[PDB]
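Source file: upload-v5.csv (CSV, C-alpha atoms)
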chain,number,residue,atom,x,y,z
A,1,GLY,CA,-32.1,42.7,6.5
A,2,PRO,CA,-32.3,39.1,5.3
A,3,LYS,CA,-30.4,36.3,6.8
A,4,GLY,CA,-27.1,35.5,5.1
A,5,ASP,CA,-26.6,32.6,2.7
A,6,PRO,CA,-25.2,29.3,4.0
A,7,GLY,CA,-21.5,28.9,3.9
A,8,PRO,CA,-19.7,26.6,1.4
A,9,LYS,CA,-19.6,22.9,1.7
A,10,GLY,CA,-16.7,21.6,3.7
A,11,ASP,CA,-13.5,20.2,2.2
A,12,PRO,CA,-13.6,16.5,1.2
A,13,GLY,CA,-11.8,14.0,3.2
A,14,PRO,CA,-8.8,12.3,1.8
A,15,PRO,CA,-8.6,8.6,0.7
A,16,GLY,CA,-7.8,6.1,3.3
A,17,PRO,CA,-4.3,4.6,3.3
A,18,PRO,CA,-3.4,1.7,1.1
A,19,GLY,CA,-4.1,-1.8,2.4
A,20,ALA,CA,-1.5,-4.2,3.7
A,21,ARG,CA,0.4,-6.4,1.3
A,22,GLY,CA,-1.2,-9.8,0.9
A,23,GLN,CA,0.5,-12.8,2.6
A,24,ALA,CA,3.3,-14.5,0.6
A,25,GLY,CA,2.3,-17.6,-1.2
A,26,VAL,CA,3.2,-20.9,0.3
A,27,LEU,CA,6.2,-22.9,-0.7
A,28,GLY,CA,5.7,-25.4,-3.5
A,29,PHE,CA,5.5,-29.1,-3.3
A,30,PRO,CA,8.6,-31.3,-3.2
A,31,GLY,CA,9.8,-32.6,-6.5
A,32,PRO,CA,9.5,-36.2,-7.5
A,33,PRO,CA,11.6,-38.9,-5.8
A,34,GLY,CA,15.1,-39.4,-7.0
A,35,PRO,CA,16.1,-42.5,-9.1
A,36,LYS,CA,17.0,-45.8,-7.6
A,37,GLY,CA,20.7,-46.4,-6.7
A,38,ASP,CA,23.2,-48.5,-8.5
A,39,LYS,CA,23.0,-52.3,-8.2
A,40,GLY,CA,25.3,-53.7,-5.6
A,41,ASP,CA,28.6,-55.4,-6.3
A,42,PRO,CA,28.7,-59.1,-7.1
A,43,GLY,CA,29.4,-61.4,-4.2
A,44,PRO,CA,32.6,-63.4,-3.7
A,45,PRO,CA,33.2,-66.5,-5.8
A,46,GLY,CA,32.1,-69.8,-4.2
A,47,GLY,CA,33.2,-73.3,-4.3
A,48,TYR,CA,31.4,-76.2,-6.0
B,1,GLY,CA,-31.4,46.3,5.6
B,2,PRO,CA,-28.1,44.9,4.5
B,3,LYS,CA,-28.0,41.1,4.0
B,4,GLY,CA,-26.3,39.1,6.7
B,5,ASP,CA,-22.8,37.8,6.1
B,6,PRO,CA,-22.4,34.4,4.4
B,7,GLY,CA,-22.0,31.5,6.9
B,8,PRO,CA,-18.6,29.9,7.4
B,9,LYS,CA,-17.4,26.8,5.6
B,10,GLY,CA,-18.7,23.4,6.7
B,11,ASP,CA,-16.8,20.8,8.6
B,12,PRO,CA,-14.5,18.6,6.5
B,13,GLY,CA,-15.4,15.1,5.5
B,14,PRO,CA,-13.8,12.3,7.3
B,15,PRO,CA,-10.8,10.4,5.8
B,16,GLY,CA,-11.7,7.1,4.2
B,17,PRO,CA,-10.9,3.8,5.8
B,18,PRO,CA,-7.7,1.9,5.0
B,19,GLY,CA,-7.9,-0.5,2.1
B,20,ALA,CA,-8.3,-4.2,2.3
B,21,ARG,CA,-5.3,-6.5,2.5
B,22,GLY,CA,-4.1,-8.0,-0.7
B,23,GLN,CA,-4.9,-11.5,-1.5
B,24,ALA,CA,-2.5,-14.2,-0.5
B,25,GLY,CA,0.1,-15.1,-3.2
B,26,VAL,CA,0.2,-18.0,-5.6
B,27,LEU,CA,1.7,-21.3,-4.4
B,28,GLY,CA,5.3,-21.9,-5.4
B,29,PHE,CA,6.3,-24.2,-8.2
B,30,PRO,CA,7.3,-27.8,-7.5
B,31,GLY,CA,10.9,-28.6,-6.6
B,32,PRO,CA,13.3,-30.6,-8.7
B,33,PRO,CA,13.6,-34.3,-8.6
B,34,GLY,CA,15.4,-35.8,-5.7
B,35,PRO,CA,19.0,-37.1,-5.6
B,36,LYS,CA,19.9,-40.7,-6.6
B,37,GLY,CA,19.7,-43.4,-4.1
B,38,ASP,CA,22.7,-45.2,-2.5
B,39,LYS,CA,24.3,-48.3,-4.1
B,40,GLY,CA,22.9,-51.6,-3.3
B,41,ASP,CA,24.5,-54.2,-1.0
B,42,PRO,CA,26.8,-56.8,-2.3
B,43,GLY,CA,25.5,-60.1,-3.4
B,44,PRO,CA,26.1,-63.4,-1.5
B,45,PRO,CA,28.9,-65.9,-2.2
B,46,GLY,CA,28.5,-68.1,-5.2
B,47,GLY,CA,26.6,-71.2,-4.3
B,48,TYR,CA,24.6,-69.4,-1.6
C,1,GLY,CA,-31.4,49.6,7.9
C,2,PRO,CA,-30.4,46.8,10.3
C,3,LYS,CA,-28.0,44.2,9.0
C,4,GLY,CA,-29.4,40.7,8.8
C,5,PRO,CA,-28.1,37.7,10.8
C,6,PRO,CA,-25.2,35.7,9.5
C,7,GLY,CA,-25.9,32.7,7.4
C,8,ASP,CA,-25.7,29.0,8.5
C,9,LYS,CA,-22.4,27.1,8.6
C,10,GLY,CA,-22.1,25.2,5.4
C,11,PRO,CA,-22.8,21.5,4.9
C,12,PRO,CA,-20.1,19.0,5.8
C,13,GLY,CA,-17.6,17.8,3.2
C,14,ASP,CA,-17.7,14.5,1.4
C,15,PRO,CA,-16.2,11.5,3.1
C,16,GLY,CA,-13.0,10.2,1.7
C,17,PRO,CA,-13.0,6.9,-0.2
C,18,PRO,CA,-11.4,3.7,1.1
C,19,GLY,CA,-7.8,3.2,0.4
C,20,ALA,CA,-6.7,1.0,-2.4
C,21,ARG,CA,-6.4,-2.7,-1.7
C,22,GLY,CA,-3.0,-3.9,-1.0
C,23,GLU,CA,-1.0,-5.8,-3.6
C,24,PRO,CA,-1.4,-9.5,-3.5
C,25,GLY,CA,1.4,-11.5,-2.0
C,26,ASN,CA,4.4,-12.8,-3.9
C,27,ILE,CA,4.5,-16.2,-5.5
C,28,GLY,CA,5.8,-18.8,-3.0
C,29,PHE,CA,9.3,-20.2,-3.0
C,30,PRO,CA,9.8,-23.3,-5.2
C,31,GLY,CA,9.5,-26.5,-3.3
C,32,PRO,CA,12.6,-28.5,-2.1
C,33,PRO,CA,13.9,-31.5,-4.0
C,34,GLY,CA,12.0,-34.7,-3.9
C,35,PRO,CA,13.2,-37.4,-1.5
C,36,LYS,CA,16.4,-39.3,-2.2
C,37,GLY,CA,15.8,-42.3,-4.3
C,38,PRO,CA,15.6,-45.8,-2.9
C,39,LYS,CA,18.7,-48.0,-2.4
C,40,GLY,CA,19.9,-50.1,-5.3
C,41,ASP,CA,19.1,-53.7,-5.9
C,42,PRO,CA,21.5,-56.2,-4.2
C,43,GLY,CA,24.3,-57.5,-6.3
C,44,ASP,CA,24.3,-60.9,-8.0
C,45,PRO,CA,25.8,-63.9,-6.2
C,46,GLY,CA,29.4,-64.4,-6.8
C,47,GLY,CA,30.4,-66.7,-9.6
C,48,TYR,CA,31.9,-70.2,-9.2
Would you mind writing the file out in structure tokens?
Amino acid sequence: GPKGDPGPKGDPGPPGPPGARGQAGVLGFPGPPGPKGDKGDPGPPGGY
Amino acid sequence: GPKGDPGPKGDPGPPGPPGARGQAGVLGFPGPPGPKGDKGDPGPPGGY
Amino acid sequence: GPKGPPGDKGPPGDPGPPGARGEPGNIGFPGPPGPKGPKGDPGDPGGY
């Protein structure tokens, strides 16, 4: 008799696992500087 | 004569590789403006 | 008649595909406040 037919093709392999999460974005820049403080108090009265 | 039996199934395909890592995240937004400065120093005596 | 020989083992299965790319990282934290503002101007001299 003749040789048999080849068997079926093998099962496919599964997808690889999902990749790792990307690294967190970096912290943002500082805000702008605060406003200047209040003017100081007047000095004490002087003589003349 | 009778034909030979069909061959067995092939070997399975390999699993795929893990995915790439995600891209790094976007940089954060700027912070708020800073706090107000301290009050100034007092002035000098009159006539200084 | 005599039975023929068995067929060949089948061809190998398809390789799995790469996993999905990971999700990109989160947006970064907002930045901190800006620096505290500068000290106020000195007061005026006292009066007479």
Chain B onto chain A, all Cα, least squares, as an mmCIF file with C-alpha atoms, in the coordinates of the input:
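Result written to part_4.cif:
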data_model
loop_
_atom_site.group_PDB
_atom_site.id
_atom_site.type_symbol
_atom_site.label_atom_id
_atom_site.label_comp_id
_atom_site.auth_asym_id
_atom_site.auth_seq_id
_atom_site.Cartn_x
_atom_site.Cartn_y
_atom_site.Cartn_z
ATOM 1 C CA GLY B 1 -31.657 42.363 6.204
ATOM 2 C CA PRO B 2 -30.676 39.908 3.546
ATOM 3 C CA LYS B 3 -29.341 36.544 4.813
ATOM 4 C CA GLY B 4 -25.615 36.038 4.609
ATOM 5 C CA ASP B 5 -24.198 33.893 1.835
ATOM 6 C CA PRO B 6 -23.902 30.129 2.431
ATOM 7 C CA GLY B 7 -20.425 29.071 3.702
ATOM 8 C CA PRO B 8 -18.020 27.309 1.360
ATOM 9 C CA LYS B 9 -17.637 23.557 1.100
ATOM 10 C CA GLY B 10 -15.713 21.700 3.804
ATOM 11 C CA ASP B 11 -12.291 20.227 3.486
ATOM 12 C CA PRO B 12 -12.140 16.797 1.828
ATOM 13 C CA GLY B 13 -11.722 13.620 3.776
ATOM 14 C CA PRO B 14 -8.405 11.996 3.784
ATOM 15 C CA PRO B 15 -7.637 8.984 1.505
ATOM 16 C CA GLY B 16 -7.795 5.640 3.253
ATOM 17 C CA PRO B 17 -4.718 3.678 4.132
ATOM 18 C CA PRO B 18 -3.307 1.005 1.817
ATOM 19 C CA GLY B 19 -4.658 -2.478 2.321
ATOM 20 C CA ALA B 20 -2.989 -5.267 4.144
ATOM 21 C CA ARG B 21 -0.665 -7.671 2.369
ATOM 22 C CA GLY B 22 -2.133 -10.899 1.205
ATOM 23 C CA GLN B 23 -1.515 -13.988 3.105
ATOM 24 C CA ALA B 24 1.410 -16.144 2.189
ATOM 25 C CA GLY B 25 0.606 -18.920 -0.362
ATOM 26 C CA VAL B 26 -0.002 -22.598 0.167
ATOM 27 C CA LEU B 27 3.015 -24.933 0.333
ATOM 28 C CA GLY B 28 3.832 -26.754 -2.882
ATOM 29 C CA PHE B 29 2.971 -30.364 -3.476
ATOM 30 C CA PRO B 30 5.528 -33.105 -2.848
ATOM 31 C CA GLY B 31 7.974 -34.046 -5.594
ATOM 32 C CA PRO B 32 8.074 -37.337 -7.419
ATOM 33 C CA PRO B 33 9.926 -40.334 -6.246
ATOM 34 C CA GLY B 34 13.628 -40.350 -6.690
ATOM 35 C CA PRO B 35 15.650 -42.132 -9.410
ATOM 36 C CA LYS B 36 16.792 -45.784 -9.042
ATOM 37 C CA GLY B 37 19.952 -46.549 -7.309
ATOM 38 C CA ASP B 38 23.187 -47.782 -8.986
ATOM 39 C CA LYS B 39 23.883 -51.511 -9.565
ATOM 40 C CA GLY B 40 25.482 -53.430 -6.872
ATOM 41 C CA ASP B 41 29.114 -54.618 -6.837
ATOM 42 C CA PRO B 42 30.094 -57.933 -8.176
ATOM 43 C CA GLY B 43 30.190 -60.915 -5.965
ATOM 44 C CA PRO B 44 33.435 -62.669 -4.845
ATOM 45 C CA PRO B 45 35.044 -65.684 -6.548
ATOM 46 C CA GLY B 46 33.447 -69.017 -5.962
ATOM 47 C CA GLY B 47 34.849 -70.610 -2.875
ATOM 48 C CA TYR B 48 35.476 -67.239 -1.210
#
* Name the residues in contact with residue 5 in chain C at a cut-off of 7 Å, using only C-alpha atoms, excluding same-chain residues fewer than 3 positions from it; report them as a VMD selection string. => (chain A and resid 3 to 4) or (chain B and resid 4)
* Distance in Å - CA of residue 41 in chain C versus CA of residue 39 in chain A ->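 That distance, rounded to one decimal, is 4.7 Å.
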* To do: Tell me which protein, DNA and RNA residues are within 10 Å of residue 18 in chain B, counting only C-alpha atoms, leaving out same-chain ones fewer than 6 positions away, and put them as a VMD selection string.
  => (chain A and resid 15 to 20) or (chain C and resid 17 to 22)
* To do: Could you tell me how far CA of residue 36 in chain C lies from CA of residue 32 in chain B, in Å and to one decimal?
  => 11.3 Å
* Asked: Smallest atom-to-atom distance to residue 25 in chain C: which of B:35, B:24, B:46, B:2, using only C-alpha atoms?
  ->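 Using only C-alpha atoms, the shortest distance to residue 25 in chain C belongs to B:24.
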* Asked: CA of residue 15 in chain C and CA of residue 7 in chain B are how many Å apart?
  -> 21.2 Å
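Considering all atoms listed in the file, the residue among C:7, C:31, C:1, C:42 positioned nearest to residue 5 in chain B is C:7.
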Contacts of residue 10 in chain A at 7 Å or less, counting all atoms listed in the file, minus same-chain residues fewer than 5 places along, as a PDB file with C-alpha atoms, in the frame of the given file?
ATOM      1  CA  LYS B   9     -17.400  26.800   5.600  1.00  0.00           C
ATOM      2  CA  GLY B  10     -18.700  23.400   6.700  1.00  0.00           C
ATOM      3  CA  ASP B  11     -16.800  20.800   8.600  1.00  0.00           C
ATOM      4  CA  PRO B  12     -14.500  18.600   6.500  1.00  0.00           C
ATOM      5  CA  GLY B  13     -15.400  15.100   5.500  1.00  0.00           C
TER       6      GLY B  13
ATOM      7  CA  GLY C  10     -22.100  25.200   5.400  1.00  0.00           C
ATOM      8  CA  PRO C  11     -22.800  21.500   4.900  1.00  0.00           C
ATOM      9  CA  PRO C  12     -20.100  19.000   5.800  1.00  0.00           C
ATOM     10  CA  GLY C  13     -17.600  17.800   3.200  1.00  0.00           C
TER      11      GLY C  13
END
* Asked: residue 25 in chain B: which residues within 7 Å, counting only C-alpha atoms, same-chain residues fewer than 4 positions away excluded, as a list in words?
  ->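 Contacts, with the query itself left out: residues 22, 23, 24 and 25 of chain A; 24, 25, 26, 27 and 28 of chain C.
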Suppose we keep C-alpha atoms; can you now write the selection as a compact mmCIF listing (two decimals), in the coordinates of the input?
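Written file, result.txt:
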# COMPACT_ATOMS: atom_id res chain seq x y z
CA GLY A 22 -1.20 -9.80 0.90
CA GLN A 23 0.50 -12.80 2.60
CA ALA A 24 3.30 -14.50 0.60
CA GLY A 25 2.30 -17.60 -1.20
CA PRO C 24 -1.40 -9.50 -3.50
CA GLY C 25 1.40 -11.50 -2.00
CA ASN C 26 4.40 -12.80 -3.90
CA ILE C 27 4.50 -16.20 -5.50
CA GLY C 28 5.80 -18.80 -3.00
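The residue set within 12 Å of residue 34 in chain A, counting all atoms listed in the file and dropping same-chain residues fewer than 4 places from it, reads residues 30 of chain A; 31, 32, 33, 34, 35, 36, 37 and 38 of chain B; 33, 34, 35, 36, 37, 38, 39 and 40 of chain C.
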